[PDB]
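I have placed the structure first, in the form of structure tokens, so that the comments after it can refer back to it.
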Amino acid sequence: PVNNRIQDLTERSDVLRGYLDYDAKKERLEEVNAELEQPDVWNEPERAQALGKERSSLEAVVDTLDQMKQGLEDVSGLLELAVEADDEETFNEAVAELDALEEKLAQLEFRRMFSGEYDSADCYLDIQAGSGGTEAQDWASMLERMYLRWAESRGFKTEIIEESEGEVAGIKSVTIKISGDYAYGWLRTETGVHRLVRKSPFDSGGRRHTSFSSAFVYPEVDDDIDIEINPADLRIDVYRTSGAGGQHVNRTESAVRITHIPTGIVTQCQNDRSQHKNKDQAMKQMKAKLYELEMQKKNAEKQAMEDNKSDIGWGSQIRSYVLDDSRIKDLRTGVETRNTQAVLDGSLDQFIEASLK
Amino acid sequence: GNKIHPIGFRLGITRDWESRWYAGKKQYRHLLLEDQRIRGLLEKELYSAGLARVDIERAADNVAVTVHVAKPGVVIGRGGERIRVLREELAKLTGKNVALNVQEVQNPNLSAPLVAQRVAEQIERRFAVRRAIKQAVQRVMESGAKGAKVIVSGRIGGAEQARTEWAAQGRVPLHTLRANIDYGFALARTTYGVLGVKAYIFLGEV
Amino acid sequence: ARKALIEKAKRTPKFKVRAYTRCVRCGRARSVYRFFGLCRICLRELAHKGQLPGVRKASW
RNA sequence: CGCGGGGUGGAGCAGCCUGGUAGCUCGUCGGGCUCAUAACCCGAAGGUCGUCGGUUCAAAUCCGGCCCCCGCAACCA
RNA sequence: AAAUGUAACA
RNA sequence: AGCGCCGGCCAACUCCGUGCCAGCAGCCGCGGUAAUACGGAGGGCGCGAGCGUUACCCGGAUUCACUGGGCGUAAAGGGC
RNA sequence: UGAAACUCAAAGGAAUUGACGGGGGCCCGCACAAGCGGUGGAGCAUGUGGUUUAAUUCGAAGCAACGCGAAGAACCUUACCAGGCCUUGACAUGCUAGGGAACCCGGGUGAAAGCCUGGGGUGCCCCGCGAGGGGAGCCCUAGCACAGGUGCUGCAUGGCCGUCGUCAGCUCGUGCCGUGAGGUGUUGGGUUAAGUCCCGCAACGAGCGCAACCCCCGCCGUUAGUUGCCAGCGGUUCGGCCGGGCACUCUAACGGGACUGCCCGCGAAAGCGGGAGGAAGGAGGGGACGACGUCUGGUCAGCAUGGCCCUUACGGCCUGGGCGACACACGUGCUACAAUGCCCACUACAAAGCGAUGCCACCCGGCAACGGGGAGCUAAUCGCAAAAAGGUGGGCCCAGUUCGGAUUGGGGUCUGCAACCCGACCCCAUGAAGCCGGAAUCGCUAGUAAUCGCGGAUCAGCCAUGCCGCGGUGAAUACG
Ligand SMILES: [Mg+2]
Ligand SMILES: [Mg+2]
Ligand SMILES: [Mg+2]
Ligand SMILES: [Mg+2]
Ligand SMILES: [Mg+2]
Ligand SMILES: [Mg+2]
Ligand SMILES: [Mg+2]
Ligand SMILES: [Mg+2]
Ligand SMILES: [Mg+2]
Ligand SMILES: [Mg+2]
Ligand SMILES: [Mg+2]
Ligand SMILES: [Mg+2]
Ligand SMILES: [Mg+2]
Ligand SMILES: [Mg+2]
Ligand SMILES: [Mg+2]
Ligand SMILES: [Mg+2]
Ligand SMILES: [Mg+2]
Ligand SMILES: [Mg+2]
Ligand SMILES: [Mg+2]
Ligand SMILES: [Mg+2]
Ligand SMILES: [Mg+2]
Ligand SMILES: [Mg+2]
Ligand SMILES: [Mg+2]
Ligand SMILES: [Mg+2]
Ligand SMILES: [Mg+2]
Ligand SMILES: [Mg+2]
Ligand SMILES: [Mg+2]
Ligand SMILES: [Mg+2]
Ligand SMILES: [Mg+2]
Ligand SMILES: [Mg+2]
Ligand SMILES: [Mg+2]
Ligand SMILES: [Mg+2]
Ligand SMILES: [Mg+2]
Ligand SMILES: [Mg+2]
Ligand SMILES: [Mg+2]
Ligand SMILES: [Mg+2]
Ligand SMILES: [Mg+2]
Ligand SMILES: [Mg+2]
Ligand SMILES: [Mg+2]
Ligand SMILES: [Mg+2]
Ligand SMILES: [Mg+2]
Ligand SMILES: [Mg+2]
Ligand SMILES: [Mg+2]
Ligand SMILES: [Mg+2]
Ligand SMILES: [Mg+2]
Ligand SMILES: [Mg+2]
Ligand SMILES: [Mg+2]
Ligand SMILES: [Mg+2]
Ligand SMILES: [Mg+2]
Ligand SMILES: [Mg+2]
Ligand SMILES: [Mg+2]
Ligand SMILES: [Mg+2]
Ligand SMILES: [Mg+2]
Ligand SMILES: [Mg+2]
Ligand SMILES: [Mg+2]
Ligand SMILES: [Mg+2]
Ligand SMILES: [Mg+2]
Ligand SMILES: [Mg+2]
Ligand SMILES: [Mg+2]
Ligand SMILES: [Mg+2]
Ligand SMILES: [Mg+2]
Ligand SMILES: [Mg+2]
Ligand SMILES: [Mg+2]
Ligand SMILES: [Mg+2]
Ligand SMILES: [Mg+2]
Ligand SMILES: [Mg+2]
Ligand SMILES: [Mg+2]
Ligand SMILES: [Mg+2]
Ligand SMILES: [Mg+2]
Ligand SMILES: [Mg+2]
Ligand SMILES: [Mg+2]
Ligand SMILES: [Mg+2]
Ligand SMILES: [Mg+2]
Ligand SMILES: [Mg+2]
Ligand SMILES: [Mg+2]
Ligand SMILES: [Mg+2]
Ligand SMILES: [Mg+2]
Ligand SMILES: [Mg+2]
Ligand SMILES: [Mg+2]
Ligand SMILES: [Mg+2]
Ligand SMILES: [Mg+2]
Ligand SMILES: [Mg+2]
Ligand SMILES: [Mg+2]
Ligand SMILES: [Mg+2]
Ligand SMILES: [Mg+2]
Ligand SMILES: [Mg+2]
Ligand SMILES: [Mg+2]
Ligand SMILES: [Mg+2]
Ligand SMILES: [Zn+2]
């Protein structure tokens with residue numbers, strides 16, 4: 001039963017050679033070993049440091065794949081060197097071997113997921129209906145069920161934050177917290193518009209219809225916009241008010257103006273008579289105005305997302321659920337599972353694992 | 001999908017069984033199976049002859065098979081060549097005294113199974129199905145029949161949308177018990193699919 | 001899984017319980033009558049042809 | 001800083017003053033009607049009473065301190 | 001006295 | 001010896017690839033796993049040192065009607 | 001007075017056929033109403049949605065999916081899952097080469113499959129007193145074609161079925177009307193269960209439907225008399241048992257019988273109302289039978305089939321598990337909540353079916369399930385077999401009970417290689433909900449509903465309270 005598990009360590013390791021490109025990185029590795037090889041290469045060591053750190057960046061690829069074809073091959077000869085001599089220690093000592101290379105290959109599979117800043121934060125899934133309407137709101141509810149059963153069959157927590165059910169039948173939108181480990185790595189390769197070509201049940205004479213719904217996926221940040229006001233950067237002017245007051249207002253510097261230096265935000269207050277009532281008030285107004293800019297930043301980045309976020313429309317898609325000839329196709333890598341109502345059960349691993357290249 | 005089979009609806013009134021014998025509880029499944037294999041072998045071999053009905057009789061360890069056909073010579077052979085060969089293959093299968101007769105079909109164009117098989121052959125030959133159906137009905141009516149109806153169902157002409165196409169002439173009273181209506185079915189295999197051919201001939205009411 | 005099943009049903013088993021009837025005509029394991037060896041469908045089908053001796057449509 | 005009014009299910013409000021008992025409407029959930037949805041009909045679930053402490057036998061309720069909310073006032077030079 | 005049913009009819 | 005075309009108009013049909021994608025398109029319309037309509041091929045049709053495309057003019061357009069049109073309800077009787 | 005940009009491949013007039021209308025007229029169907037019994041509440045059985053799972057295979061989706069395919073899932077079935085295995089292979093047609101054919105019998109390993117292996121004699125037409133030489137009977141081994149797939153598409157199909165709907169309809173030929181789609185006929189008046197029939201009519205005919213021909217039941221006859229029957233006469237062991245007989249009942253083949261045929265009345269007719277005769281009256285009751293077509297209805301998983309896909313595996317064998325899960329939700333049913341009832345004892349009256357490793361009389365052991373004996377019956381003979389409600393007696397006394405029989409403990413029986421998951425039955429003990437059910441909703445017009453039991457298919461056994469049949473008792477109501 002053991003040589004079936006070498007059969008698989010050679011399977012994930014070959015298309016691991018595909019996106020890593022041993023063929024395109026055994027090449028680049030050589031003229032960095034050539035540039036750094038002539039004695040003048042520590043001439044502007046910025047040039048040098050990037051390449052010696054590159055060199056193991058490519059020798060964790062080239063030479064790690066070089067210990068997978070030699071290593072597995074000295075595993076499969078030692079486990080036949082234990083069957084035909086009845087030597088059971090040559091087969092515990094060629095299995096302690098298969099537990100070591102099952103990690104150098106596990107480590108090399110975290111070039112799929114260890115490359116995305118924060119691919120570990122408890123991410124959120126933002127599903128939306130789309131073209132079509134009732135049909136697509138049905139398909140939207142189908143697709144939340146799909147990712148819920150997915151997340152349960154993967155150790156995530158199925159945590160639903162916000163729903164809104166559609167008025168005919170189904171869901172217009174949903175947001176789930178996929179509270180789990182490394183959750184963003186898996187579900188970010190699920191971002192896209194899921195077309196569902198399908199056969200439709202809401203159309204009277206039973207016509208074949210297309211309806212789309214999207215899945216957008218993001219991680220979790222600090223979401224704290226409470227910047228502290230530090231006196232290193234506030235310049236506070238004091239001067240006289242401009243209206244009524246008497247020998248006062250004239251003869252007293254009651255008005256204050258606080259200007260945040262790096263921003264250029266200015267603020268005044270003249271409302272009361274004490275400069276400290278006014279210095280108080282202008283500190284408030286100055287707090288709130290930098291609370292409104294840091295607001296304007298965040299919304300600005302959000303609108304940058306929204307306007308760069310597809311449209312859930314015709315020809316904007318990634319999948320077929322042609323349930324009238326039983327396929328589900330991911331036009332992007334692209335695979336073709338034929339066991340359709342097994343995908344809705346949560347076999348997304350298929351597409352995901354191959355889509356992380 | 002509704003109409004009753006027009007022969008099984010007249011068994012013992014206007015039309016008679018094709019396997020006429022008695023058998024007990026312990027035996028009648030085995031004799032039935034042997035009958036159906038007799039019909040398989042003959043029904044493959046005697047197709048070119050023009051096979052219409054296959055009657056079967058059974059007494060005790062002997063069995064008489066009566067083959068109705070439009071071309072008797074294609075069954076008999078040259079002085080009995082094929083006719084003897086049949087008895088050897090036959091009593092090889094039966095394992096018992098297998099008497100094989102042959103009879104006329106006086107008018108093959110009043111034989112509904114024959115008309116059906118002929119149309120099925122025509123439509124396997126890429127012929128025009130509508131034209132062919134009208135012709136078959138005309139041949140049956142010219143041969144003296146009191147009525148005729150022919151139906152063809154499937155991807156007619158290769159079309160992707162399946163269709164049913166039929167023609168009739170005279171009287172075909174499928175609700176009348178005493179009305180004698182021969183019925184036949186023929187299966188046509190094309191490159192694009194199967195078509196079904198049904199032929200009803202109303203010979204006369206009894 | 002079927003021609004292997006119409007075939008396994010023929011061979012005598014290791015235990016006489018494992019024996020079932022299959023329809024000798026279409027291979028159906030369901031609604032097989034012992035006295036014809038046929039399933040209900042083939043029973044109706046041959047009966048309509050008249051190739052079942054004595055069998056007829058029953059009406060009362 | 002002042003005066004006095006509030007915080008009670010998912011939402012909006014009632015309950016305090018004369019303490020023991022938290023109610024109404026909408027919503028939510030299960031069932032019905034309908035081909036289906038809405039509407040309607042039947043049944044159900046649902047509240048640390050902002051917090052700390054504590055009046056009393058006993059606090060949503062009474063009395064202090066803090067925390068957010070609302071209104072008013074902040075004048076004469 | 002009582003609302004509505006989109007989007008791919010051979 | 002090349003160029004256009006081969007769904008109808010409009011002369012010239014099959015195989016494969018694709019699978020509302022890639023693309024075609026003068027009009028009507030083609031393409032959602034058996035596409036004579038997309039792309040290639042075989043074959044075919046039409047011209048030939050040319051063949052197609054774009055632009056523009058007349059024609060078809062009696063669709064500004066002199067030849068040679070209309071106005072109850074199609075556009076069209078003015079309120080008298 | 002009066003544009004343009006931009007945009008569309010139409011916007012339009014009239015007329016035709018449908019469909020629809022909270023338009024009308026005239027009709028019909030347990031459609032409503034009139035009734036009677038239920039469902040929805042309870043406990044349980046069963047199917048389904050979900051959820052769970054390694055898998056809880058797959059299909060069915062308003063009526064017309066949901067005790068549906070499933071007329072028998074412990075293994076088998078089985079198509080799913082896990083694990084152990086096989087590679088022209090569980091199976092077809094081949095061609096080639098090695099062994100011996102063929103068939104039976106064991107040994108090892110193993111959960112089994114499988115892998116390993118030790119046994120033993122091949123007819124033929126043949127040179128055969130001789131080694132020896134085959135051919136092809138069939139198997140084995142190695143190949144190459146091929147097999148195999150319940151993998152997809154019922155929106156590529158055949159076949160078969162569901163449905164509107166047993167509704168009264170849908171058409172064609174020729175002629176006539178219209179430029180034409182099309183109309184006419186088929187509409188109209190009357191009538192019928194009916195496009196049934198009558199009358200009228202630019203229509204006159206014809207076909208598919210309706211009806212009839214077919215089956216069961218109701219009366220009677222003829223022919224038959226055992227294994228069925230017994231009116232009368234003999235015996236009568238005390239039982240149609242015997243003689244005897246076929247009358248009667250019956251059984252099962254063939255006929256008769258009802259046609260609005262006959263009288264009254266209304267009618268132009270067709271028919272309708274009433275009466276007699278008759279077992280039966282106006283289709284006598286029930287059945288079989290389902291028009292052109294519709295639902296891109298259902299079934300590629302019964303079968304067949306086009307194409308697409310799998311080929312040491314999307315094929316095949318096996319062992320085990322799952323299809324039987326359970327916070328929930330719906331459909332179909334079973335048993336009930338009691339006195340028109342429950343229990344005990346005794347005692348009557350069916351029909352249709354089934355039955356030779358089958359149905360089992362009778363006897364004995366056991367409280368029993370059952371077991372051990374053992375006769376009969378290829379079954380109008382013998383057996384399943386007792387029908388149950390009912391009847392006659394006795395107990396219960398209105399209570400969660402002598403109602404109800406769920407759940408659980410314990411002890412057994414039988415089938416089966418094997419009842420853990422996951423069988424049915426018996427016995428002791430336990431003895432739940434349920435006091436007649438919200439909104440809502442189903443069936444049935446007469447031997448019907450209600451209620452009572454009996455049989456069968458499937459089937460080793462059975463999760464059947466399901467299905468298909470059979471008879472017993474036997475209502476209420478229909479103004480409209
Ligand atoms: Mg001023
Ligand atoms: Mg001053
Ligand atoms: Mg001052
Ligand atoms: Mg499913
Ligand atoms: Mg398989
Ligand atoms: Mg098959
Ligand atoms: Mg069995
Ligand atoms: Mg069976
Ligand atoms: Mg003042
Ligand atoms: Mg050209
Ligand atoms: Mg075309
Ligand atoms: Mg041209
Ligand atoms: Mg042409
Ligand atoms: Mg593409
Ligand atoms: Mg082109
Ligand atoms: Mg297609
Ligand atoms: Mg193609
Ligand atoms: Mg081809
Ligand atoms: Mg073209
Ligand atoms: Mg092309
Ligand atoms: Mg020239
Ligand atoms: Mg030019
Ligand atoms: Mg022009
Ligand atoms: Mg002009
Ligand atoms: Mg003019
Ligand atoms: Mg004009
Ligand atoms: Mg107008
Ligand atoms: Mg106008
Ligand atoms: Mg005027
Ligand atoms: Mg004007
Ligand atoms: Mg109009
Ligand atoms: Mg009209
Ligand atoms: Mg109406
Ligand atoms: Mg009703
Ligand atoms: Mg009612
Ligand atoms: Mg009622
Ligand atoms: Mg109820
Ligand atoms: Mg219930
Ligand atoms: Mg639920
Ligand atoms: Mg399913
Ligand atoms: Mg299912
Ligand atoms: Mg139903
Ligand atoms: Mg069953
Ligand atoms: Mg079991
Ligand atoms: Mg199984
Ligand atoms: Mg198995
Ligand atoms: Mg279909
Ligand atoms: Mg389907
Ligand atoms: Mg079909
Ligand atoms: Mg006109
Ligand atoms: Mg004319
Ligand atoms: Mg006409
Ligand atoms: Mg005409
Ligand atoms: Mg008509
Ligand atoms: Mg008409
Ligand atoms: Mg009339
Ligand atoms: Mg009728
Ligand atoms: Mg008529
Ligand atoms: Mg007339
Ligand atoms: Mg009839
Ligand atoms: Mg009788
Ligand atoms: Mg007599
Ligand atoms: Mg009458
Ligand atoms: Mg369909
Ligand atoms: Mg098939
Ligand atoms: Mg197929
Ligand atoms: Mg299928
Ligand atoms: Mg198994
Ligand atoms: Mg099992
Ligand atoms: Mg099941
Ligand atoms: Mg279970
Ligand atoms: Mg419920
Ligand atoms: Mg129920
Ligand atoms: Mg039940
Ligand atoms: Mg009941
Ligand atoms: Mg109790
Ligand atoms: Mg009790
Ligand atoms: Mg209680
Ligand atoms: Mg009581
Ligand atoms: Mg009730
Ligand atoms: Mg009751
Ligand atoms: Mg109600
Ligand atoms: Mg009725
Ligand atoms: Mg009862
Ligand atoms: Mg029973
Ligand atoms: Mg039985
Ligand atoms: Mg049984
Ligand atoms: Mg059970
Ligand atoms: Zn069958």
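Residues in the structure tokens are numbered from 1 in each chain, the chains being A, B, ... in the order shown, and ligands are numbered from 1 in the order shown.
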- Task: Please give me, as an MDAnalysis selection string, the residues lying within 10 Å of ligand 12 when counting only C-alpha atoms (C1' of nucleotides) and all ligand atoms.
- Result: chainID F and resid 5 9:11 46
- Within 9 Å of residue 5 (chain E), counting only C-alpha atoms (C1' of nucleotides), which residues qualify if same-chain residues fewer than 5 places away don't, as number ranges by chain? A: 168, 202; D: 36-37
Could you dump the residues just selected with N, CA and C atoms (P, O5', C5', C4', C3', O3' and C1' of nucleotides) as a PDB file, in the first residue's frame?
ATOM      1  N   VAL A 168     -38.677  37.279  -5.116  1.00  0.00           N
ATOM      2  CA  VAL A 168     -39.385  36.209  -5.814  1.00  0.00           C
ATOM      3  C   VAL A 168     -39.000  34.871  -5.172  1.00  0.00           C
ATOM      4  N   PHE A 202     -37.883  28.918 -13.645  1.00  0.00           N
ATOM      5  CA  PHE A 202     -38.847  30.002 -13.485  1.00  0.00           C
ATOM      6  C   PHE A 202     -39.483  30.443 -14.794  1.00  0.00           C
TER       7      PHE A 202
ATOM      8  P     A D  36     -47.707  26.538  -5.459  1.00  0.00           P
ATOM      9  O5'   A D  36     -46.784  27.816  -5.679  1.00  0.00           O
ATOM     10  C5'   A D  36     -45.423  27.665  -6.054  1.00  0.00           C
ATOM     11  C4'   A D  36     -44.804  28.974  -6.477  1.00  0.00           C
ATOM     12  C3'   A D  36     -44.902  30.120  -5.484  1.00  0.00           C
ATOM     13  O3'   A D  36     -43.934  30.034  -4.453  1.00  0.00           O
ATOM     14  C1'   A D  36     -45.443  30.894  -7.655  1.00  0.00           C
ATOM     15  P     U D  37     -44.300  30.490  -2.956  1.00  0.00           P
ATOM     16  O5'   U D  37     -44.134  32.076  -2.991  1.00  0.00           O
ATOM     17  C5'   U D  37     -42.860  32.654  -3.231  1.00  0.00           C
ATOM     18  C4'   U D  37     -42.947  34.110  -3.625  1.00  0.00           C
ATOM     19  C3'   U D  37     -43.692  35.040  -2.687  1.00  0.00           C
ATOM     20  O3'   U D  37     -42.976  35.362  -1.511  1.00  0.00           O
ATOM     21  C1'   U D  37     -44.275  35.542  -4.914  1.00  0.00           C
TER      22        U D  37
END
- Please return, as a PyMOL selection string, all residues of chain B lying within 8 Å of chain G when only C-alpha atoms (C1' of nucleotides) are considered. chain B and resi 1-3+13+153-155+160-162+170-171+173+175-178+187+189-196
What lies within 12 Å of residue 2 (chain E) using only C-alpha atoms (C1' of nucleotides), ignoring chain neighbours under 2 positions off, as a PDB file with N, CA and C atoms (P, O5', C5', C4', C3', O3' and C1' of nucleotides), in the first residue's frame?
ATOM      1  P     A D  39     -46.087  40.203   2.535  1.00  0.00           P
ATOM      2  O5'   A D  39     -47.640  40.525   2.382  1.00  0.00           O
ATOM      3  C5'   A D  39     -48.100  41.839   2.097  1.00  0.00           C
ATOM      4  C4'   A D  39     -49.570  41.842   1.758  1.00  0.00           C
ATOM      5  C3'   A D  39     -50.485  41.190   2.788  1.00  0.00           C
ATOM      6  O3'   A D  39     -50.851  42.067   3.840  1.00  0.00           O
ATOM      7  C1'   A D  39     -50.963  40.305   0.658  1.00  0.00           C
ATOM      8  P     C D  40     -50.776  41.583   5.372  1.00  0.00           P
ATOM      9  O5'   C D  40     -51.940  40.504   5.498  1.00  0.00           O
ATOM     10  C5'   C D  40     -53.304  40.876   5.354  1.00  0.00           C
ATOM     11  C4'   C D  40     -54.179  39.667   5.140  1.00  0.00           C
ATOM     12  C3'   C D  40     -54.192  38.651   6.273  1.00  0.00           C
ATOM     13  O3'   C D  40     -55.073  39.002   7.326  1.00  0.00           O
ATOM     14  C1'   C D  40     -53.836  37.529   4.230  1.00  0.00           C
TER      15        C D  40
ATOM     16  P     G G  22     -63.285  36.473 -15.522  1.00  0.00           P
ATOM     17  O5'   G G  22     -63.762  37.271 -14.225  1.00  0.00           O
ATOM     18  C5'   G G  22     -64.826  38.211 -14.301  1.00  0.00           C
ATOM     19  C4'   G G  22     -64.634  39.367 -13.351  1.00  0.00           C
ATOM     20  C3'   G G  22     -64.189  40.684 -13.969  1.00  0.00           C
ATOM     21  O3'   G G  22     -65.257  41.412 -14.547  1.00  0.00           O
ATOM     22  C1'   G G  22     -62.903  40.239 -12.037  1.00  0.00           C
TER      23        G G  22
END
Kindly provide the residues of chain G that approach ligand 55 to within 9 Å, each paired with its closest atom pair and their distance in Å to one decimal, based on only C-alpha atoms (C1' of nucleotides) and all ligand atoms, listed by chain and increasing number, as CSV.
residue,atom,partner,partner_atom_place_in_ligand_line,distance
G:183,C1',ligand 55,1 (Mg),8.0
G:184,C1',ligand 55,1 (Mg),8.2
G:185,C1',ligand 55,1 (Mg),8.1
G:186,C1',ligand 55,1 (Mg),5.3
G:187,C1',ligand 55,1 (Mg),8.6
Please identify every residue of chain A that has at least one atom no farther than 10 Å from an atom of chain F, counting only C-alpha atoms (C1' of nucleotides), and for each give the shortest atom pair and the distance in Å to one decimal, arranged by chain then increasing number, as a Markdown table.
| residue | atom | partner | partner_atom | distance |
| --- | --- | --- | --- | --- |
| A:197 | CA | F:32 | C1' | 7.7 |
| A:198 | CA | F:32 | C1' | 9.5 |
| A:208 | CA | F:32 | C1' | 8.8 |
| A:209 | CA | F:32 | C1' | 8.9 |
| A:210 | CA | F:32 | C1' | 8.6 |
| A:314 | CA | F:20 | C1' | 8.9 |
| A:315 | CA | F:21 | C1' | 8.4 |
| A:320 | CA | F:32 | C1' | 9.6 |
| A:322 | CA | F:32 | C1' | 8.4 |
| A:325 | CA | F:33 | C1' | 8.5 |
| A:331 | CA | F:21 | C1' | 9.6 |
Around ligand 42, which protein and nucleic acid residues have at least one atom no more than 8 Å from it, if we count only C-alpha atoms (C1' of nucleotides) and all ligand atoms? List them as a PDB file with C-alpha atoms (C1' of nucleotides), in the first residue's frame.
ATOM      1  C1'   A G  64     -50.390  14.648 -13.560  1.00  0.00           C
ATOM      2  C1'   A G  65     -43.422  13.840  -7.812  1.00  0.00           C
ATOM      3  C1'   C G  66     -43.721  12.262  -2.759  1.00  0.00           C
ATOM      4  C1'   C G  68     -44.014   6.689  -7.240  1.00  0.00           C
TER       5        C G  68
END
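If you take only C-alpha atoms (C1' of nucleotides) and a cut-off of 9 Å, the residues of chain A that reach chain D are residues 167, 168, 169, 202, 245, 246, 247, 248, 272 and 277 of chain A.
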- Compute the set of chain A residues within 8 Å of chain E, using only C-alpha atoms (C1' of nucleotides), and express it as an MDAnalysis selection string. chainID A and resid 131:134 205 207:211
Atoms kept (N, CA, C and O atoms) for selection, written as a PDB file, in the first residue's frame:
ATOM      1  N   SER A 131     -27.144  39.099 -13.466  1.00  0.00           N
ATOM      2  CA  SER A 131     -27.975  39.049 -14.658  1.00  0.00           C
ATOM      3  C   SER A 131     -29.035  37.970 -14.527  1.00  0.00           C
ATOM      4  O   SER A 131     -28.800  36.913 -13.945  1.00  0.00           O
ATOM      5  N   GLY A 132     -30.214  38.241 -15.073  1.00  0.00           N
ATOM      6  CA  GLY A 132     -31.279  37.278 -14.991  1.00  0.00           C
ATOM      7  C   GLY A 132     -32.308  37.569 -13.937  1.00  0.00           C
ATOM      8  O   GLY A 132     -33.488  37.629 -14.265  1.00  0.00           O
ATOM      9  N   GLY A 133     -31.905  37.758 -12.678  1.00  0.00           N
ATOM     10  CA  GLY A 133     -32.891  38.023 -11.639  1.00  0.00           C
ATOM     11  C   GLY A 133     -33.316  36.841 -10.782  1.00  0.00           C
ATOM     12  O   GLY A 133     -32.483  36.267 -10.071  1.00  0.00           O
ATOM     13  N   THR A 134     -34.601  36.455 -10.850  1.00  0.00           N
ATOM     14  CA  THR A 134     -35.098  35.358 -10.013  1.00  0.00           C
ATOM     15  C   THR A 134     -34.224  34.120 -10.156  1.00  0.00           C
ATOM     16  O   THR A 134     -33.708  33.587  -9.165  1.00  0.00           O
ATOM     17  N   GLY A 205     -42.520  27.866 -20.323  1.00  0.00           N
ATOM     18  CA  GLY A 205     -42.404  26.738 -21.226  1.00  0.00           C
ATOM     19  C   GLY A 205     -41.105  25.965 -21.122  1.00  0.00           C
ATOM     20  O   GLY A 205     -40.761  25.197 -22.026  1.00  0.00           O
ATOM     21  N   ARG A 207     -37.534  26.959 -20.846  1.00  0.00           N
ATOM     22  CA  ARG A 207     -36.464  27.318 -21.762  1.00  0.00           C
ATOM     23  C   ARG A 207     -35.124  27.255 -21.046  1.00  0.00           C
ATOM     24  O   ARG A 207     -35.040  27.311 -19.819  1.00  0.00           O
ATOM     25  N   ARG A 208     -34.070  27.116 -21.836  1.00  0.00           N
ATOM     26  CA  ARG A 208     -32.713  27.027 -21.312  1.00  0.00           C
ATOM     27  C   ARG A 208     -32.176  28.448 -21.167  1.00  0.00           C
ATOM     28  O   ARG A 208     -32.180  29.219 -22.133  1.00  0.00           O
ATOM     29  N   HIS A 209     -31.753  28.806 -19.957  1.00  0.00           N
ATOM     30  CA  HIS A 209     -31.330  30.167 -19.664  1.00  0.00           C
ATOM     31  C   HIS A 209     -29.991  30.232 -18.957  1.00  0.00           C
ATOM     32  O   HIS A 209     -29.555  29.294 -18.285  1.00  0.00           O
ATOM     33  N   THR A 210     -29.391  31.407 -19.082  1.00  0.00           N
ATOM     34  CA  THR A 210     -28.136  31.762 -18.451  1.00  0.00           C
ATOM     35  C   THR A 210     -28.406  32.788 -17.358  1.00  0.00           C
ATOM     36  O   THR A 210     -29.241  33.681 -17.529  1.00  0.00           O
ATOM     37  N   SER A 211     -27.701  32.659 -16.234  1.00  0.00           N
ATOM     38  CA  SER A 211     -27.851  33.593 -15.127  1.00  0.00           C
ATOM     39  C   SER A 211     -26.553  33.628 -14.341  1.00  0.00           C
ATOM     40  O   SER A 211     -25.943  32.584 -14.094  1.00  0.00           O
TER      41      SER A 211
END
Using only C-alpha atoms (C1' of nucleotides) and all ligand atoms, which protein or nucleic acid residues are at most 9 Å from ligand 27, as a PDB file with C-alpha atoms (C1' of nucleotides), in the first residue's frame?
ATOM      1  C1'   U F  73     -59.206  54.122 -39.701  1.00  0.00           C
ATOM      2  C1'   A F  74     -51.895  53.166 -42.329  1.00  0.00           C
TER       3        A F  74
ATOM      4  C1'   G G  12     -48.526  51.068 -38.433  1.00  0.00           C
TER       5        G G  12
END
- Message: According to DSSP computed on the backbone, where in region 160-348 of chain A is there strand (DSSP E or B)? Give the residues as a PyMOL selection string.
- Response: chain A and resi 160-165+171-179+192-199+208-218+234-239+255-260+266-269+319-320+328-330+336-337
With a cut-off of 12 Å, could you pull out the residues of chain G touching chain A and give me the nearest pair of atoms for each, distance in Å to one decimal, using only C-alpha atoms (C1' of nucleotides), ordered by chain and ascending number, as CSV?
residue,atom,partner,partner_atom,distance
G:51,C1',A:149,CA,11.1
G:52,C1',A:149,CA,11.4
G:53,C1',A:153,CA,11.5
G:61,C1',A:201,CA,10.7
G:83,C1',A:1,CA,10.8
G:84,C1',A:1,CA,10.5
G:151,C1',A:338,CA,9.1
G:152,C1',A:325,CA,6.1
G:153,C1',A:325,CA,5.4
G:154,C1',A:324,CA,11.3
G:155,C1',A:324,CA,7.5
G:295,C1',A:205,CA,9.1
G:296,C1',A:206,CA,7.7
G:297,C1',A:206,CA,11.0
G:308,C1',A:325,CA,9.5
G:309,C1',A:338,CA,9.4
G:310,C1',A:338,CA,11.9
G:314,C1',A:338,CA,10.4
